[PDB]
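Working notes, structure below.
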Amino acid sequence: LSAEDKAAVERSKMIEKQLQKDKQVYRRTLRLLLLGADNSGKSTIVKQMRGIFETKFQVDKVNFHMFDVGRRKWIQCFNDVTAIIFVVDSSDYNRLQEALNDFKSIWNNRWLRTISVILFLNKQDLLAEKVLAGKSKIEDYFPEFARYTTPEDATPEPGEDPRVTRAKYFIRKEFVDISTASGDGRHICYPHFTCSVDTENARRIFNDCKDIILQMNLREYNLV
Amino acid sequence: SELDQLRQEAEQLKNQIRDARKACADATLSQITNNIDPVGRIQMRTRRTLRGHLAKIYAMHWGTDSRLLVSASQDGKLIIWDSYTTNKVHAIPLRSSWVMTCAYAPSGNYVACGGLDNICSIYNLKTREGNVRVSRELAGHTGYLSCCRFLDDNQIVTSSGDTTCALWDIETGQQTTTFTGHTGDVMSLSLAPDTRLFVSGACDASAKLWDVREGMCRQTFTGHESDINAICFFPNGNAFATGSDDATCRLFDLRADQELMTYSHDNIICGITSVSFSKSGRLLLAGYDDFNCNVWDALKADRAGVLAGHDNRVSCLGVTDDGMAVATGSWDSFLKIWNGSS
Amino acid sequence: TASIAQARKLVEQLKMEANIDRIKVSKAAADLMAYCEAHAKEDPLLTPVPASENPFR
Amino acid sequence: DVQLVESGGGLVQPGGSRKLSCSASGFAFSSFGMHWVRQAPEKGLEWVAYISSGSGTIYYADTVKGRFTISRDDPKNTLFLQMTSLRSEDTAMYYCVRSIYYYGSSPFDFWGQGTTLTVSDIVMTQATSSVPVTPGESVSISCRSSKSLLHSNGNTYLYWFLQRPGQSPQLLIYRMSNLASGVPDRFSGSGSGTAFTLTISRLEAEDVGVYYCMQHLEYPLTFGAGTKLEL
Amino acid sequence: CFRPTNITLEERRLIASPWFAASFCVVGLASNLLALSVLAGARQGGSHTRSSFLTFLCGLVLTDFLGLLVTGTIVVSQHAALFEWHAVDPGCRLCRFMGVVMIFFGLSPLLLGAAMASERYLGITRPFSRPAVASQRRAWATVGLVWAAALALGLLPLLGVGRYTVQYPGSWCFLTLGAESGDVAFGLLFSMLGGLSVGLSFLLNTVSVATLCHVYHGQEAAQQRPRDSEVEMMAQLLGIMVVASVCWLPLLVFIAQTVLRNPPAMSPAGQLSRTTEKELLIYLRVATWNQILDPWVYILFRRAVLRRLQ
Ligand SMILES: CCCCC[C@H](O)/C=C/[C@@H]1[C@@H](C/C=C\CCCC(=O)O)[C@H]2CO[C@@H]1C2
């Protein structure tokens with residue numbers, strides 16, 4: 001090396017030092033993909049917790065990087081995200097089948113075979129009113145809802161109508177039934193019953209991500 | 001009535017073109033190149049490994065001096081490498097980390113990149129301040145930026161996921177020409193050596209040849225069964241090769257206006273991400289989803305060799321202007337420089 | 001009237017592509033074979049150079 | 001704009017101490033290595049010290065090693081030179097010089113205006129001290145080195161500078177052939193091995209001055225005696 | 001080092017059987033190689049890089065394999081050729097080499113076992129603390145210091161603190177169970193490092209189990225997915241909590257009590273009681289299996305490894 005080459009190498013090693021500083025921030029920040037429909041209300045949930053609309057929030061000294069977008073080609077970019085936050089609106093029965101087909105594409109995607117999905121069934125307060133009114137019948141859209149019975153393992157909140165619980169868990173079962181169709185434990189769906197004005201939505205992502213991270217470690221130690 | 005009649009005329013025109021292509025298909029490239037000797041086994045070793053990217057590498061581009069190259073990763077870092085020494089010459093922090101393409105200007109004074117932010121950012125490498133700064137942000141595409149290539153220091157061509165390609169005036173920041181006609185997301189483009197034409201491949205499984213100055217589509221090439229992900233001009237400018245998700249590479253001829261040869265193998269069932277030619281054009285290098293890069297004999301459609309040095313998808317590759325080496329980028333965050341030995 | 005306007009443009013485009021001059025595939029194949037042959041010696045990847053002339057030793 | 005202002009110079013007693021400061025504005029100071037170069041009255045240039053970007057590498061000339069200390073303050077963009085045991089041999093104009101090193105960079109591209117201090121090895125040879133010239137005529141300047149400046153990587157580390165009367169030196173040619181930014185194309189550098197030539201086609205009034213050839217093959221950086229052009 | 005030994009003909013096949021310490025080497029080497037072949041296959045894939053578990057695991061398998069190969073050849077050879085130890089090697093070089101290789105390979109599995117427990121503890125109790133990349137170049141630093149700490153303890157008898165003497169039946173050298181100042185200083189130091197390493201593995205692997213069961217008993221976790229991976233981890237941790245403690249604690253306690261016995265267990269002439277000589281031999285063979293079961297409990301007992309073998 002000449003006198004200038006050694007100085008050039010010194011420049012190169014200072015760049016590597018700056019890349020190392022940015023590496024530590026990169027791993028300590030979790031990347032979350034936010035998917036849904038126009039009426040899903042995902043834009044409200046991210047705003048309450050605070051092209052690509054990125055929002056960064058920190059919970060319990062853990063940094064979360066959530067990319068809100070709103071696709072077979074640009075979905076390859078989000079191949080190493082910790083979790084995919086899929087949000088649907090359970091109130092609209094007409095578009096639930098569209099969401100179910102949309103969810104099937106995400107879950108069975110070739111590049112999303114190892115990404116857990118933190119499914120959100122948004123607007124549960126609105127869903128209860130629709131079932132309570134009784135003007136719209138789910139059996140019109142889903143004939144199998146007539147032969148559906150609430151499992152004994154269900155844990156409805158106090159002051160909740162049993163009719164709502166039967167309808168609420170049927171919507172969840174349709175999404176969960178898609179999750180158990182395939183995957184063989186590579187990825188796990190984490191359904192939740194959230195609403196727009198819910199202040200606990202940040203922790204539901206936090207606890208689920210901890211389980212997602214924990215299940216990644218246990219696969220390393222078990223040599224899966 | 002009128003709409004039904006017009007769409008019937010389009011089918012008649014398509015049959016007219018198909019008959020015209022069949023008329024000039026007197027022979028096959030396979031029959032023509034049967035007599036020539038094979039290239040043998042192509043053995044390339046990893047001379048250099050460029051480490052420092054902390055995420056998937058999505059694009060790389062050599063400078064015209066055949067020594068410096070720029071690579072883009074989704075850790076939000078554009079890095080320019082001295083390939084001879086593996087020294088990092090620059091580290092450009094990107095405003096948007098979702099970069100999908102990068103280009104090195106032929107003059108060497110500028111680099112460009114852009115991704116899901118729908119912006120092509122031009123970076124000035126030669127400033128009196130000693131740092132790389134953004135010189136232009138080219139806004140106007142309504143979809144993600146998939147590819148970009150400089151014609152000179154003032155002109156750049158970008159293809160987007162909004163089904164259109166654009167030619168930009170960098171000084172004024174406005175797109176002088178817009179190239180429309182693709183019905184799917186345009187995934188790649190390649191400039192002709194004289195920079196008068198460029199081909200683009202989209203997800204409608206079609207490749208269109210565009211005239212830069214005139215601004216219209218000259219020819220449309222079909223034959224793929226899935227999305228085209230990669231495209232590269234032949235070194236003489238009279239042909240180009242494409243790569244699709246159907247695990248096939250096709251060699252199209254501009255003047256014959258049809259496919260000449262298909263590069264596929266029964267073992268290969270994965271999509272192709274990047275394609276390039278050697279300096280003489282005898283070798284067609286393609287990157288694959290199965291973590292490997294297969295070097296093909298362009299004339300005989302034989303797999304000449306395999307570059308197996310990555311633990312994840314081969315996302316990009318490129319051959320130097322002097323033909324001395326080929327770089328391969330991968331989702332495992334490494335770049336490798338390959339060439340053979342006597 | 002969006003579909004009818006698009007139909008006219010698509011038909012008009014196919015007219016331009018159908019009026020180009022096309023050479024035989026054998027003629028086109030020969031040019032591709034000729035270019036590879038002429039530049040075979042100056043292709044380092046096809047014919048590796050001696051280690052003294054290889055910048056990536 | 002890029003600026004380099006030196007301060008702290010002045011008349012000092014022999015054996016005393018003085019602190020020179022170089023404030024940088026208009027460029028990324030922390031990315032550039034910095035040199036101090038001095039010029040004794042009616043004499044040529046003499047390199048004093050070097051501190052790299054990031055302060056990892058520091059070099060001194062033998063005539064000043066142990067007495068001078070060079071340091072930088074990156075947050076304040078200030079370059080320092082702590083001097084001790086000052087001798088009458090240290091009476092010179094001290095220049096602050098920036099130099100960045102990467103593939104294709106142009107080191108020594110900008111010099112400061114300099115500060116005056118008054119106190120109460122490859123050999124570069126420029127045998128021709130002065131050359132009588134006329135405007136519009138081509139002039140050639142020759143430089144010689146005791147060692148071959150051509151390195152095994154292909155670079156020839158020879159720098160050509162121009163110091164117009166009353167002005168700081170300006171970079172003309174870096175690595176023996178490349179033309180510095182902002183320099184007219186009439187200047188051309190040609191050389192081989194140990195013999196180098198600077199050709200100036202169509203000489204003008206501004207080109208009048210002293211020309212120095214410097215080697216950057218190894219430390220300490222050494223300057224030629226200098227060739228003066230006069231009308 | 002030429003301790004006088006008189007092995008009775010009755011004990012030549014009852015307690016000091018030549019095959020007693022010969023079958024352990026055959027089984028021990030086979031298990032480590034079998035558990036290293038599968039480890040090599042997983043390493044070649046490179047699909048496990050977010051945790052440094054494979055780095056510690058690779059070191060543990062290599063340490064156990066070498067410990068059962070270096071000491072294995074010495075013991076087997078002495079039972080067939082050159083039975084005498086005071087005549088084949090009159091100089092006290094082989095015994096010092098034997099003494100260093102016994103302590104180094106008798107403490108590295110304990111220290112590595114206490115290191116993998118810390119990796120499992122941080123990767124379970126606080127998943128967010130562990131980064132998503134192992135940085136194996138810096139993972140070997142912990143493995144390297146473990147060997148450095150173990151080898152440092154093994155050179156104290158060579159530096160005047162403790163000594164190595166031939167033990168019963170006369171085919172292996174180990175730290176002398178005397179009452180001298182060096183013997184007490186070195187006898188307890190070996191036990192304290194060994195006792196803490198087993199104590200640290202047990203303490204950490206109990207909190208790790210106390211965390212998985214807390215998750216397993218979780219109402220949401222029970223219905224969130226089929227929790228079968230956490231079950232396999234409890235079994236793996238409980239295997240470590242049993243194999244490590246049962247195999248090593250009797251040996252460490254035996255050394256601690258023997259050195260502190262009043263009157264000393266070793267006569268001033270330099271002869272141990274015959275009852276104590278056989279007890280140390282038996283406890284050593286108990287601790288031998290820990291190097292034979294580490295390739296099993298850590299690797300081969302995995303349901304995801306048994307499937308690959310078939
Ligand atoms: C502090 C304990 C260190 C033990 C490390 C190592 O794990 C020992 C392994 C055993 C060694 C036992 C050594 C001596 C006893 C031999 C008794 C006999 O002669 O029959 C060799 C016979 O089995 C295997 C190899």
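We label chains A, B, ... in the order they appear in the structure tokens, count residues from 1 in each chain, and number ligands from 1 in the order shown.
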
Produce as a list in words the set of residues near ligand 1, where near means within 6 Å with only C-alpha atoms and all ligand atoms considered.
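Result of the 6 Å neighbour search around ligand 1: residues 16, 17, 18, 20, 21, 24, 25, 67, 68, 71, 72, 75, 102, 103, 105, 106, 171, 172, 284, 288 and 291 of chain E.
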
Take the residues from that selection and put them in a file with N, CA and C atoms, as a PDB file, in the first residue's frame.
ATOM      1  N   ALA E  16     -11.456 -52.980  38.719  1.00  0.00           N
ATOM      2  CA  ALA E  16     -10.540 -52.420  37.727  1.00  0.00           C
ATOM      3  C   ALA E  16     -10.528 -53.255  36.454  1.00  0.00           C
ATOM      4  N   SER E  17     -11.708 -53.490  35.902  1.00  0.00           N
ATOM      5  CA  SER E  17     -11.821 -54.293  34.694  1.00  0.00           C
ATOM      6  C   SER E  17     -11.264 -53.524  33.503  1.00  0.00           C
ATOM      7  N   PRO E  18     -10.440 -54.151  32.660  1.00  0.00           N
ATOM      8  CA  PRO E  18      -9.957 -53.451  31.459  1.00  0.00           C
ATOM      9  C   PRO E  18     -11.073 -53.036  30.521  1.00  0.00           C
ATOM     10  N   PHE E  20     -14.110 -52.205  31.499  1.00  0.00           N
ATOM     11  CA  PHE E  20     -14.993 -51.237  32.137  1.00  0.00           C
ATOM     12  C   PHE E  20     -14.761 -49.837  31.587  1.00  0.00           C
ATOM     13  N   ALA E  21     -13.498 -49.456  31.404  1.00  0.00           N
ATOM     14  CA  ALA E  21     -13.140 -48.166  30.834  1.00  0.00           C
ATOM     15  C   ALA E  21     -12.876 -48.234  29.338  1.00  0.00           C
ATOM     16  N   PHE E  24     -16.709 -47.559  27.548  1.00  0.00           N
ATOM     17  CA  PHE E  24     -17.127 -46.163  27.629  1.00  0.00           C
ATOM     18  C   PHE E  24     -16.534 -45.343  26.493  1.00  0.00           C
ATOM     19  N   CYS E  25     -15.266 -45.590  26.160  1.00  0.00           N
ATOM     20  CA  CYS E  25     -14.639 -44.864  25.061  1.00  0.00           C
ATOM     21  C   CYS E  25     -15.306 -45.193  23.731  1.00  0.00           C
ATOM     22  N   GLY E  67     -11.871 -35.314  24.745  1.00  0.00           N
ATOM     23  CA  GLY E  67     -11.639 -35.829  26.084  1.00  0.00           C
ATOM     24  C   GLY E  67     -11.745 -37.340  26.155  1.00  0.00           C
ATOM     25  N   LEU E  68     -12.653 -37.919  25.376  1.00  0.00           N
ATOM     26  CA  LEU E  68     -12.817 -39.363  25.322  1.00  0.00           C
ATOM     27  C   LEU E  68     -11.888 -40.022  24.314  1.00  0.00           C
ATOM     28  N   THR E  71      -7.678 -39.130  26.511  1.00  0.00           N
ATOM     29  CA  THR E  71      -7.624 -39.979  27.696  1.00  0.00           C
ATOM     30  C   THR E  71      -8.019 -41.415  27.376  1.00  0.00           C
ATOM     31  N   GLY E  72      -8.816 -41.620  26.328  1.00  0.00           N
ATOM     32  CA  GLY E  72      -9.205 -42.972  25.965  1.00  0.00           C
ATOM     33  C   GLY E  72      -8.039 -43.815  25.486  1.00  0.00           C
ATOM     34  N   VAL E  75      -5.547 -44.707  28.547  1.00  0.00           N
ATOM     35  CA  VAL E  75      -6.012 -45.733  29.474  1.00  0.00           C
ATOM     36  C   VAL E  75      -6.022 -47.102  28.807  1.00  0.00           C
ATOM     37  N   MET E 102      -6.814 -34.196  32.016  1.00  0.00           N
ATOM     38  CA  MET E 102      -7.977 -34.605  32.796  1.00  0.00           C
ATOM     39  C   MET E 102      -8.729 -33.401  33.347  1.00  0.00           C
ATOM     40  N   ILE E 103      -8.007 -32.413  33.875  1.00  0.00           N
ATOM     41  CA  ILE E 103      -8.667 -31.243  34.441  1.00  0.00           C
ATOM     42  C   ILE E 103      -9.273 -30.383  33.341  1.00  0.00           C
ATOM     43  N   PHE E 105     -10.395 -31.211  30.310  1.00  0.00           N
ATOM     44  CA  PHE E 105     -11.593 -31.826  29.756  1.00  0.00           C
ATOM     45  C   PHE E 105     -12.589 -32.237  30.828  1.00  0.00           C
ATOM     46  N   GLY E 106     -12.259 -32.033  32.097  1.00  0.00           N
ATOM     47  CA  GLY E 106     -13.183 -32.302  33.176  1.00  0.00           C
ATOM     48  C   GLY E 106     -13.859 -31.041  33.665  1.00  0.00           C
ATOM     49  N   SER E 171      -3.530 -46.450  35.953  1.00  0.00           N
ATOM     50  CA  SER E 171      -3.645 -46.187  34.525  1.00  0.00           C
ATOM     51  C   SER E 171      -4.111 -44.768  34.232  1.00  0.00           C
ATOM     52  N   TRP E 172      -4.100 -43.875  35.217  1.00  0.00           N
ATOM     53  CA  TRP E 172      -4.532 -42.502  35.007  1.00  0.00           C
ATOM     54  C   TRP E 172      -3.989 -41.645  36.139  1.00  0.00           C
ATOM     55  N   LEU E 284     -15.443 -41.398  39.248  1.00  0.00           N
ATOM     56  CA  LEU E 284     -14.924 -40.941  37.964  1.00  0.00           C
ATOM     57  C   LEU E 284     -15.696 -41.565  36.809  1.00  0.00           C
ATOM     58  N   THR E 288     -17.947 -39.961  33.857  1.00  0.00           N
ATOM     59  CA  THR E 288     -17.588 -40.224  32.468  1.00  0.00           C
ATOM     60  C   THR E 288     -18.802 -40.117  31.557  1.00  0.00           C
ATOM     61  N   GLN E 291     -19.966 -36.842  29.573  1.00  0.00           N
ATOM     62  CA  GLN E 291     -19.424 -36.597  28.245  1.00  0.00           C
ATOM     63  C   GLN E 291     -20.023 -37.518  27.192  1.00  0.00           C
TER      64      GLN E 291
END

Please return, as a PyMOL selection string, all residues of chain D lying within 8 Å of chain A when only C-alpha atoms are considered.
chain D and resi 52-54+56+101-103+151+216-219

Counting only C-alpha atoms, what is within 12 Å of residue 37 of chain C, bar same-chain residues fewer than 6 positions away, as an MDAnalysis selection string?
(chainID B and resid 33 36:37 39 279:283 299) or (chainID C and resid 30:31 43 46)

May I have the residues of chain B within 9 Å of chain D, counting only C-alpha atoms, written as a CSV table (one decimal) with C-alpha atoms, in the first residue's frame?
chain,number,residue,atom,x,y,z
B,68,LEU,CA,-16.2,1.1,-8.8
B,82,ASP,CA,-13.7,-0.2,-4.8
B,87,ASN,CA,-12.6,-0.5,0.1
B,88,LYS,CA,-15.9,1.4,0.7
B,89,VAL,CA,-15.5,4.7,-1.2
B,90,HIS,CA,-18.9,6.1,-0.1
B,128,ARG,CA,-16.6,20.7,-3.2
B,129,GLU,CA,-18.0,19.9,0.2
B,130,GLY,CA,-16.6,16.4,0.1
B,131,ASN,CA,-19.9,14.6,0.8

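Within 7 Å of residue 244 of chain E there are residues 198, 240, 241, 247, 248 and 290 of chain E, counting only C-alpha atoms and ignoring same-chain residues fewer than 3 positions away.
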
Can those selected residues be exported to a file as a PDB file, in the first residue's frame so that it contains C-alpha atoms?
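Below you can see selection_13.pdb, which holds the result:
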ATOM      1  CA  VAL E 198     -23.154 -27.258  37.876  1.00  0.00           C
ATOM      2  CA  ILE E 240     -29.672 -31.072  31.492  1.00  0.00           C
ATOM      3  CA  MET E 241     -30.907 -30.565  35.060  1.00  0.00           C
ATOM      4  CA  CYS E 247     -22.990 -37.275  36.927  1.00  0.00           C
ATOM      5  CA  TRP E 248     -20.798 -34.500  38.347  1.00  0.00           C
ATOM      6  CA  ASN E 290     -21.716 -36.847  31.275  1.00  0.00           C
TER       7      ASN E 290
END

Figure out the distance between atom CA of residue 112 of chain E and atom CA of residue 138 of chain E, please, to one decimal in Å.
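Atom-to-atom, atom CA of residue 138 of chain E to atom CA of residue 112 of chain E, that is 15.5 Å.
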
Within 10 Å of chain B: residues of chain A, using only C-alpha atoms, as JSON, numbers by chain
{"A": [5, 8, 9, 10, 11, 12, 13, 14, 15, 16, 17, 18, 19, 20, 22, 23, 26, 27, 51, 52, 53, 54, 69, 71, 72, 73, 74, 77, 78, 79, 80]}

Can you write out the residues you just picked, keeping N, CA, C and O atoms, as a CSV table (one decimal), in the first residue's frame?
chain,number,residue,atom,x,y,z
A,5,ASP,N,-3.1,4.9,-0.4
A,5,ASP,CA,-3.9,3.7,-0.2
A,5,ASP,C,-4.2,3.5,1.2
A,5,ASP,O,-5.4,3.1,1.6
A,8,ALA,N,-6.8,5.8,2.2
A,8,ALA,CA,-8.1,5.3,1.7
A,8,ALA,C,-8.7,4.2,2.5
A,8,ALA,O,-9.9,4.1,2.8
A,9,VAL,N,-7.8,3.2,2.9
A,9,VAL,CA,-8.2,2.1,3.8
A,9,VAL,C,-8.7,2.7,5.1
A,9,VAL,O,-9.7,2.1,5.7
A,10,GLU,N,-8.1,3.7,5.6
A,10,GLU,CA,-8.5,4.3,6.9
A,10,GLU,C,-9.9,4.9,6.7
A,10,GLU,O,-10.7,4.8,7.6
A,11,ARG,N,-10.2,5.5,5.5
A,11,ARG,CA,-11.5,6.0,5.2
A,11,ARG,C,-12.5,4.8,5.2
A,11,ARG,O,-13.6,4.9,5.7
A,12,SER,N,-12.1,3.7,4.6
A,12,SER,CA,-13.0,2.6,4.5
A,12,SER,C,-13.4,2.0,5.8
A,12,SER,O,-14.5,1.7,6.1
A,13,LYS,N,-12.4,1.9,6.7
A,13,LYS,CA,-12.6,1.4,8.1
A,13,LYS,C,-13.5,2.3,8.9
A,13,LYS,O,-14.1,1.8,9.9
A,14,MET,N,-13.5,3.6,8.7
A,14,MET,CA,-14.4,4.5,9.4
A,14,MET,C,-15.8,4.4,8.9
A,14,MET,O,-16.8,4.6,9.6
A,15,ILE,N,-16.0,4.0,7.6
A,15,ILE,CA,-17.3,3.7,7.1
A,15,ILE,C,-17.9,2.5,7.7
A,15,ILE,O,-19.0,2.4,8.2
A,16,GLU,N,-17.0,1.5,7.9
A,16,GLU,CA,-17.5,0.2,8.5
A,16,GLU,C,-17.8,0.5,10.0
A,16,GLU,O,-18.7,-0.2,10.5
A,17,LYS,N,-17.1,1.4,10.7
A,17,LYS,CA,-17.5,1.7,12.0
A,17,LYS,C,-18.9,2.4,12.1
A,17,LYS,O,-19.6,2.2,13.0
A,18,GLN,N,-19.2,3.2,11.1
A,18,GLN,CA,-20.5,3.8,11.0
A,18,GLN,C,-21.6,2.8,10.7
A,18,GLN,O,-22.7,3.0,11.1
A,19,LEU,N,-21.2,1.8,9.8
A,19,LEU,CA,-22.2,0.8,9.5
A,19,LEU,C,-22.5,0.0,10.7
A,19,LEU,O,-23.6,-0.5,10.9
A,20,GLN,N,-21.5,-0.3,11.6
A,20,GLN,CA,-21.7,-1.0,12.8
A,20,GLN,C,-22.6,-0.3,13.8
A,20,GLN,O,-23.5,-0.9,14.4
A,22,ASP,N,-25.0,1.8,13.0
A,22,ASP,CA,-26.4,1.6,12.4
A,22,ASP,C,-26.9,0.2,12.5
A,22,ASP,O,-28.1,0.0,12.5
A,23,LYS,N,-26.0,-0.8,12.5
A,23,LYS,CA,-26.5,-2.2,12.7
A,23,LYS,C,-27.1,-2.4,14.0
A,23,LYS,O,-28.2,-3.1,14.0
A,26,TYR,N,-30.6,-1.3,14.0
A,26,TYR,CA,-31.4,-2.1,13.0
A,26,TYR,C,-32.0,-3.3,13.7
A,26,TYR,O,-33.2,-3.6,13.5
A,27,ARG,N,-31.2,-4.0,14.4
A,27,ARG,CA,-31.7,-5.3,15.1
A,27,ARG,C,-32.6,-5.0,16.2
A,27,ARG,O,-33.6,-5.7,16.4
A,51,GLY,N,-45.6,7.2,-0.4
A,51,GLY,CA,-46.2,5.9,-0.6
A,51,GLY,C,-46.3,5.1,0.7
A,51,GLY,O,-47.3,5.0,1.3
A,52,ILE,N,-45.1,4.6,1.2
A,52,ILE,CA,-45.0,3.9,2.4
A,52,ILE,C,-45.1,4.8,3.6
A,52,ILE,O,-44.2,5.7,3.8
A,53,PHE,N,-46.2,4.7,4.4
A,53,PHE,CA,-46.4,5.6,5.6
A,53,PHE,C,-45.8,4.9,6.8
A,53,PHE,O,-46.5,4.0,7.4
A,54,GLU,N,-44.6,5.2,7.1
A,54,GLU,CA,-43.9,4.5,8.2
A,54,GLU,C,-44.1,5.2,9.5
A,54,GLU,O,-43.9,6.4,9.6
A,69,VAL,N,-49.0,0.5,4.2
A,69,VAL,CA,-49.1,0.6,2.8
A,69,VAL,C,-50.5,0.6,2.4
A,69,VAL,O,-51.3,-0.3,2.8
A,71,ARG,N,-50.1,-6.9,-5.8
A,71,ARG,CA,-49.0,-6.6,-4.8
A,71,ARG,C,-48.1,-7.8,-4.8
A,71,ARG,O,-47.3,-8.0,-3.8
A,72,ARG,N,-48.2,-8.7,-5.8
A,72,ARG,CA,-47.3,-9.8,-5.9
A,72,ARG,C,-45.8,-9.5,-6.0
A,72,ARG,O,-45.0,-10.3,-5.8
A,73,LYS,N,-45.5,-8.2,-6.4
A,73,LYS,CA,-44.2,-7.8,-6.7
A,73,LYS,C,-43.5,-7.1,-5.5
A,73,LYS,O,-42.4,-7.4,-5.1
A,74,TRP,N,-44.2,-6.1,-4.9
A,74,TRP,CA,-43.6,-5.3,-3.9
A,74,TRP,C,-43.7,-5.9,-2.5
A,74,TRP,O,-43.2,-5.3,-1.5
A,77,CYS,N,-40.3,-7.3,-0.7
A,77,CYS,CA,-39.5,-6.4,0.1
A,77,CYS,C,-39.7,-6.8,1.6
A,77,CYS,O,-38.7,-6.7,2.4
A,78,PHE,N,-40.9,-7.0,2.0
A,78,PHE,CA,-41.2,-7.4,3.4
A,78,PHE,C,-41.1,-8.8,3.7
A,78,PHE,O,-42.0,-9.5,4.2
A,79,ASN,N,-39.9,-9.4,3.4
A,79,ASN,CA,-39.7,-10.9,3.6
A,79,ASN,C,-39.2,-11.2,4.9
A,79,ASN,O,-39.4,-12.3,5.4
A,80,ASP,N,-38.5,-10.2,5.6
A,80,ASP,CA,-37.9,-10.5,6.9
A,80,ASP,C,-38.5,-9.7,8.0
A,80,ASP,O,-37.9,-9.5,9.1

Taking only C-alpha atoms into account, find every residue of chain B that has an atom no more than 6 Å from chain C, and write it out as a tab-separated table (two decimals) with N, CA and C atoms, in the first residue's frame.
chain	number	residue	atom	x	y	z
B	3	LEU	N	-67.48	-0.71	-30.54
B	3	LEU	CA	-66.47	-1.32	-29.68
B	3	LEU	C	-66.25	-2.79	-30.04
B	10	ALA	N	-58.57	-5.82	-33.74
B	10	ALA	CA	-57.33	-6.03	-33.01
B	10	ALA	C	-56.88	-7.48	-33.09
B	17	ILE	N	-49.67	-10.05	-37.41
B	17	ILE	CA	-48.30	-9.99	-36.90
B	17	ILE	C	-47.75	-11.39	-36.68
B	24	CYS	N	-41.01	-15.34	-41.52
B	24	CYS	CA	-39.56	-15.19	-41.49
B	24	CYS	C	-38.87	-16.18	-40.56
B	25	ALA	N	-39.62	-17.09	-39.94
B	25	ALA	CA	-39.04	-18.13	-39.09
B	25	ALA	C	-38.62	-19.34	-39.92
B	27	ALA	N	-35.66	-20.81	-40.13
B	27	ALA	CA	-34.81	-21.73	-39.40
B	27	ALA	C	-34.90	-21.41	-37.91
B	29	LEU	N	-32.53	-20.88	-34.26
B	29	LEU	CA	-31.20	-20.60	-33.75
B	29	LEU	C	-30.49	-21.87	-33.30
B	47	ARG	N	-13.47	-13.93	-6.21
B	47	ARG	CA	-12.25	-13.18	-5.91
B	47	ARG	C	-12.44	-12.25	-4.73
B	219	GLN	N	-41.76	-2.07	-31.02
B	219	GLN	CA	-42.11	-3.48	-31.14
B	219	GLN	C	-42.51	-4.03	-29.78
B	255	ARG	N	-34.74	-7.28	-34.93
B	255	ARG	CA	-35.04	-7.20	-36.35
B	255	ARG	C	-35.93	-8.35	-36.80
B	256	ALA	N	-35.72	-9.55	-36.27
B	256	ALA	CA	-36.62	-10.66	-36.57
B	256	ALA	C	-37.93	-10.57	-35.80
B	279	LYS	N	-19.10	-9.81	-22.15
B	279	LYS	CA	-18.72	-8.72	-23.05
B	279	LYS	C	-18.90	-9.12	-24.50
B	280	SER	N	-18.53	-10.35	-24.85
B	280	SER	CA	-18.74	-10.84	-26.21
B	280	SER	C	-20.16	-11.33	-26.46
B	281	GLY	N	-20.98	-11.45	-25.42
B	281	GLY	CA	-22.33	-11.93	-25.56
B	281	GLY	C	-22.46	-13.44	-25.64
B	282	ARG	N	-21.36	-14.18	-25.58
B	282	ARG	CA	-21.45	-15.63	-25.69
B	282	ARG	C	-22.06	-16.26	-24.45
B	323	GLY	N	-15.61	-6.55	-19.31
B	323	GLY	CA	-15.85	-7.98	-19.29
B	323	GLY	C	-14.98	-8.77	-18.36
B	324	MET	N	-14.25	-8.11	-17.46
B	324	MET	CA	-13.26	-8.82	-16.66
B	324	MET	C	-13.91	-9.63	-15.55
B	340	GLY	N	-12.90	-16.18	-14.05
B	340	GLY	CA	-12.22	-17.44	-14.23
B	340	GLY	C	-10.71	-17.31	-14.11
B	341	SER	N	-10.04	-18.46	-14.24
B	341	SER	CA	-8.59	-18.52	-14.22
B	341	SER	C	-8.11	-19.43	-15.33
B	342	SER	N	-6.93	-19.12	-15.87
B	342	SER	CA	-6.34	-19.91	-16.94
B	342	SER	C	-5.94	-21.29	-16.44

Excluding segment 145-147 of chain D and any residue of its chain fewer than 4 positions from it, enumerate the residues within 9 Å of it, using only C-alpha atoms, and give them as a PyMOL selection string.
chain D and resi 121-125+193-196+215+224
